[PDB]
Structures are given as C-alpha cells and as structure tokens.
**Q** 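A single structure is presented below for examination.
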Amino acid sequence: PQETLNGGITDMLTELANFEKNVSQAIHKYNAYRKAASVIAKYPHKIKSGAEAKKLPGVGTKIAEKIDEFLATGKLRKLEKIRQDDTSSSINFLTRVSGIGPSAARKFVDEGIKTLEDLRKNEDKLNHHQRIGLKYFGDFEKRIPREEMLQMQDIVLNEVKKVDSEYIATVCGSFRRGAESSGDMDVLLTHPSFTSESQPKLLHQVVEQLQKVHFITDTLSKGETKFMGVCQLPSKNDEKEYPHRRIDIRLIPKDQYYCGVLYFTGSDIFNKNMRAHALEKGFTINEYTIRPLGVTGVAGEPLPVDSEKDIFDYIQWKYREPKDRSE
DNA sequence: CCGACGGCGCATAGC
DNA sequence: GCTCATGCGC
DNA sequence: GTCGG
Ligand code: NA
Ligand code: NA
Ligand code: NA
Ligand code: NA
C-alpha cells in the first residue's frame with residue numbers, strides 16, 4: 001500500500017511513538033504505537049473512521065479516537081502542542097545521536113544543551129560513543145544502497161578469510177533477504193575453534209585486520225563476542241567520499257551459528273511465525289538453540305544444528321530461502 | 001483489574 | 001580496587 | 001496503549 005492511503009495516520013502514530021520513547025520513557029507505549037502504525041500501514045484501504053481501524057489488532061479505543069480527530073481536522077492537538085514545546089522537541093531530537101538515549105537527552109536539555117551545536121561545544125560532557133554519534137550524525141541517518149553493501153560484503157568476506165580461512169562469516173539483516181537498501185551491516189562470525197563447550201582473540205583479530213586495511217574507522221564498543229563500530233568504503237580516487245556506515249560483528253559458537261543466522265536474517269515477523277509454529281510441534285527456538293519440549297513442557301537438550309534447513313526439518317517445514325522470509 | 005509487552009553484550013553508583 | 005544497576009542499541 | 005488472563 002502507498003503512503004497515499006493512510007500515511008497521515010501512520011506518520012502521526014510514529015511521531016507519538018517517538019515522544020513516548022524519547023520524552024515520556026514509556027517503551028511499551030512506543031511499541032504499541034509502532035504496532036498500530038505498521039498494521040495500519042499494511043491495510044490496503046484508505047481508513048474512513050476510527051471505528052474501522054479499531055477492528056485491526058493493536059489499534060484500540062484511544063488510537064481510534066485519535067484517528068477520528070485527524071480525519072475530521074487534519075491535525076492532532078496533542079501532537080501540535082508537543083511539536084512546539086521547546087523542551088520536548090529538543091529532548092526528542094538529541095536522541096537521534098547514537099549513544100544519546102532518553103536519559104542522556106533529558107540531562108543535556110536540563111542544562112541548556114539543546115542542539116548539535118551545543119553538543120559540539122560541550123564535548124567534555126559526551127562519552128566515546130556519543131562523540132562518534134555526534135561526529136557522524138548525518139551519515140548514520142543515511143541509507144545504504146545494495147550495491148554499496150555488496151562492495152562492503154566483498155571487503156569483509158575477503159579480509160576475514162585472509163586472517164583465517166576457517167572462519168565463517170555471513171552478512172544477515174534485510175540485506176541477506178534481498179533488500180534494495182539497508183541501514184547498517186550485521187556480520188555473524190564463527191570458527192571451528194569456538195563452541196559452547198570450548199580463544200578470546202577470534203573477534204579481535206578480524207576487527208584488527210579490518211582496521212589495518214582502513215575499512216573500520218571507529219569503535220563504539222568491543223568485547224569478546226560483540227563489536228559495534230563504523231566503517232567506510234574507500235573513495236574512488238578523484239571522487240566524492242562515501243558516507244561512514246554502522247557495522248556490527250558478533251562471534252557465535254559454531255553449534256549455535258545457524259540458529260543465530262536464522263534469527264538475525266529474519267524477518268522479525270517471519271521469526272515469530274516460525275517460533276509460533278515450532279511450539280505447536282513441541283520445540284522452542286530462540287537466538288541460540290532449538291530444543292524439544294516434554295509433555296509437561298520442560299525443555300530438553302538442544303538438538304544438533306548444521307544448516308538453516310536442519311531447523312526447518314525439525315519443525316517439519318519446507319526450507320524457505322531468505323528471499324521468502326518477509327513473513 | 002492488572003500485568004506483559006524481548007532480552008542481552010558492552011560501557012559507564014556504591015562498597 | 002571490585003561488583004553491578006542503569007543506560008543504550010539492537 | 002492494547003491485549004488478555
Ligand atoms: Na483492535
Ligand atoms: Na535513537
Ligand atoms: Na540515540
Ligand atoms: Na589456512
């Protein structure tokens with residue numbers, strides 16, 4: 001369905017979602033508004049009344065009344081008032097810096113720090129992550145076209161293999177499902193040396209090599225199993241520079257790699273349906289393992305997995321390649 | 001009525 | 001010094 | 001905010 005249809009409602013609900021998360025610190029209302037916004041976005045009819053939309057799952061009495069108001073008037077009073085509230089819109093805005101969440105933004109705005117300029121002039125008050133988020137504010141809200149992601153994939157797969165040909169790496173996310181574009185790069189990594197029951201330098205070596213060929217430009221956080229950082233494609237000689245991009249690299253035991261690959265490929269809606277159907281067959285699937293459930297509902301030991309298909313076989317589903325995992 | 005709504009790795013008050 | 005709750009992103 | 005036990 002086009003934005004034509006209910007984009008007004010859907011933008012309204014997303015605005016309300018953002019203020020619940022970033023100002024009111026009400027994550028569950030945030031998700032409630034996002035849940036209503038998406039089911040409505042899927043609705044292939046231009047909504048004509050609050051009551052019509054209240055038939056959808058996740059839209060209830062209050063969003064129903066809000067849609068009535070929008071439809072009669074073209075505005076929402078609460079949204080307009082908050083849209084011109086200096087404190088509220090400043091708090092909401094600063095959370096667009098990766099590393100500033102609702103609490104940091106609240107304390108910044110409480111001290112006069114309201115804008116990127118104010119941040120730029122108060123950097124002794126920012127931690128390392130926030131500093132990087134500030135430095136790359138524009139680049140991080142940009143999207144990543146698929147051809148740049150392939151180019152990025154090429155570098156990551158080539159450099160990982162250079163460090164140790166026994167590593168396995170997969171780029172997951174909507175990219176793996178075929179997406180025309182992406183918001184970041186999510187790399188899952190494993191080695192035969194690393195199992196649930198088994199060195200602390202397997203991730204560091206890949207990160208390091210990727211810094212030496214000057215692909216990874218910055219580190220937001222790094223530990224034994226998860227890396228969060230920044231990368232950038234090499235500029236094409238006398239051409240404009242590429243935008244810096246957000247990259248995550250996670251190191252997973254080999255016996256849980258394919259459950260991890262499954263999960264981080266998604267879709268999110270696909271994952272719910274597969275885990276829903278999996279329980280109807282007596283298994284419980286999480287990020288890590290697939291396990292059988294006894295009659296009294298207690299989980300047994302996780303079964304061997306060596307392919308994505310293994311998990312499909314377990315629950316008696318036909319293999320669906322990532323292209324067909326939209327839901 | 002009233003609780004659940006995802007849960008975890010890593011960076012950053014209190015003893 | 002250390003442990004760990006809170007913040008954050010995902 | 002919405003849902004459901
Ligand atoms: Na409903
Ligand atoms: Na944010
Ligand atoms: Na943020
Ligand atoms: Na080798």
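Below, chain A is the first sequence line, B the second, and so on; all start at residue 1.
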**Q** Please measure how far the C1' atom in D/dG1 lies from the corresponding atom in B/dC8, and state the result in whole Å.
**A** 26 Å
**Q** Measure from the side chain of A/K226, starting at C-beta and using heavy atoms only, and say which of B/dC10, B/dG6, C/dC8 lies closest.
**A**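 Looking only at heavy atoms from C-beta outward on A/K226, the closest nucleotide is B/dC10.
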**Q** Measure the shortest side-chain to side-chain distance between A/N122 and A/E111 over non-hydrogen atoms and say whether it is less than 4.5 angstrom.
**A** no
**Q** Nearest to the side chain of A/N127, heavy atoms from C-beta on, is which of C/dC10, B/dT12, D/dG1?
**A** B/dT12
**Q** Any side-chain donor-acceptor pair under 3.5 Å between A/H129 and A/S221?
**A** no
**Q** Tell me whether the count of non-hydrogen atoms from other residues, nucleotides or ligands lying under 6.0 Å of CZ in A/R83 goes above 12.
**A** yes
**Q** Using Watson-Crick or G-U wobble geometry with both distances below 3.5 Å, tell me the partner of C/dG1, or none.
**A** B/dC15
**Q** Donor-acceptor check, side chain of A/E20 to backbone of A/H28, threshold 3.5 angstrom: yes or no?
**A** no
**Q** To the nearest Å, give me how far apart CZ (A/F140) and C1' (C/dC10) are.
**A**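 Going from CZ in A/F140 over to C1' in C/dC10 covers 14 Å.
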**Q** P atom, D/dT2 versus B/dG7: distance in rounded Å?
**A**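 My reading of the P atoms in D/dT2 and B/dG7 gives 23 Å.
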**Q** Below the 4.0 Å mark, does D/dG1 have OP1 or OP2 next to a side-chain nitrogen or oxygen of A/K62?
**A**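 Yes, A/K62 has a side-chain N/O under 4.0 Å of OP1/OP2 on D/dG1.
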**Q** Whole angstrom is fine here: how far is it from NE2 in A/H28 over to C1' in D/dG4?
**A**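 After rounding, the reported distance stands at 16 Å.
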**Q** Can you tell me the distance, in whole Å, between the CD atom of A/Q256 and the P atom of B/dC8?
**A** 13 Å
**Q** Categorize A/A36 for me: base, sugar-phosphate, or nothing, with a 4.0 angstrom heavy-atom threshold over every strand shown.
**A** nothing
**Q** Do A/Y263 side-chain and B/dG6 base share a donor-acceptor contact under 3.5 Å?
**A** yes
**Q** Check every strand shown and say whether A/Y33 touches a base, only sugar-phosphate, or nothing at a heavy-atom separation below 4.0 Å.
**A** sugar-phosphate
**Q** Tell me whether the side-chain N/O atoms of A/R275 come closer than 4.0 Å to OP1 or OP2 in B/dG6.
**A** no
**Q** Check the distance between B/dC10's P and A/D248's CG and give it to me in whole angstrom.
**A**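 It is 12 Å, rounded to the nearest whole Å.
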**Q** Quick one: A/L94 CG to C/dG7 P, roughly how many Å, whole number?
**A**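 Answer to the nearest Å: 17 Å.
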**Q** Could you work out which one of B/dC10, C/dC10, C/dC8 sits closest to the side chain of A/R246?
**A** C/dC10
**Q** Between the side chain of A/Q153 and the main-chain N/O of A/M149, is any donor-acceptor distance below 3.5 Å?
**A**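 Flag not set: sc A/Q153 to bb A/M149 has no pair under 3.5 Å.
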**Q** Could you give the distance separating C/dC4 and B/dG9 at their P atoms, to the nearest angstrom?
**A** 15 Å
**Q** Heavy atoms under 4.0 Å, any strand shown: does A/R34 hit a base, just sugar-phosphate, or nothing?
**A** nothing
**Q** Calculate the interatomic distance between A/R245 atom CZ and C/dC10 atom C1'; express it in whole Å.
**A**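 Checked: the CZ to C1' distance equals 19 Å.
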**Q** I'd like the P distance from C/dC10 over to B/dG3, given in whole Å.
**A**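 Approximately 32 Å lies between the P atom of B/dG3 and that of C/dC10.
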**Q** For A/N22 and C/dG9, give me the distance from atom CG to atom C1', rounded to whole Å.
**A** 13 Å
**Q** Tell me what A/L56 touches on the nucleic acid: a base, only sugar-phosphate, or nothing, going by heavy atoms under 4.0 Å.
**A**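 Sugar-phosphate only.
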**Q** To the nearest Å, give me how far apart CG (A/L16) and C1' (D/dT2) are.
**A** 15 Å
**Q** Ignoring the backbone of A/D184, work out which of D/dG1, B/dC8, C/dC10 is nearest its side chain.
**A**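 Selected nucleotide (nearest to the side chain): C/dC10.
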**Q** Only one of A/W317, A/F270, A/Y314 clears ring-ring contact (aromatic ring centres under 6.0 Å, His included) with A/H277; which?
**A**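 Testing each of A/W317, A/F270, A/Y314 against A/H277, the sole residue satisfying ring-ring contact (aromatic ring centres under 6.0 Å, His included) is A/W317.
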**Q** Using atom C1' in both nucleotides, what's the gap between C/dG9 and B/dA4 to the nearest angstrom?
**A**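 That atom pair is separated by 22 Å.
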**Q** Nearest to the side chain of A/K29, heavy atoms from C-beta on, is which of B/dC8, D/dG1, C/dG9?
**A**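 Closest nucleotide among those given: D/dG1.
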**Q** Nearest to the side chain of A/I63, heavy atoms from C-beta on, is which of D/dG1, C/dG9, B/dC10?
**A** D/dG1
**Q** Is the backbone of A/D118 close enough, under 3.5 Å, to the side chain of A/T115 for a donor and an acceptor to pair up by distance?
**A** yes
**Q** At 4.0 Å (heavy atoms only), tell me whether A/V39 reaches a base, stays on the sugar-phosphate, or touches nothing.
**A**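 A/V39: no heavy atom of the nucleic acid under 4.0 Å.
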**Q** Answer yes or no: does a side-chain N or O of A/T225 lie under 4.0 Å from OP1 or OP2 of B/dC10?
**A**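 Looking at the OP1 and OP2 atoms of B/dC10, one of them is under 4.0 Å from a side-chain N or O of A/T225.
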**Q** Within the 4.0 Å heavy-atom criterion, would you say A/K222 contacts the bases, only the backbone, or no part of the nucleic acid?
**A** sugar-phosphate
**Q** Does A/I27 reach a base, just sugar-phosphate, or nothing at all? Heavy atoms under 4.0 Å.
**A**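 No contact at all - A/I27 keeps every heavy atom at 4.0 Å or more from the nucleic acid.
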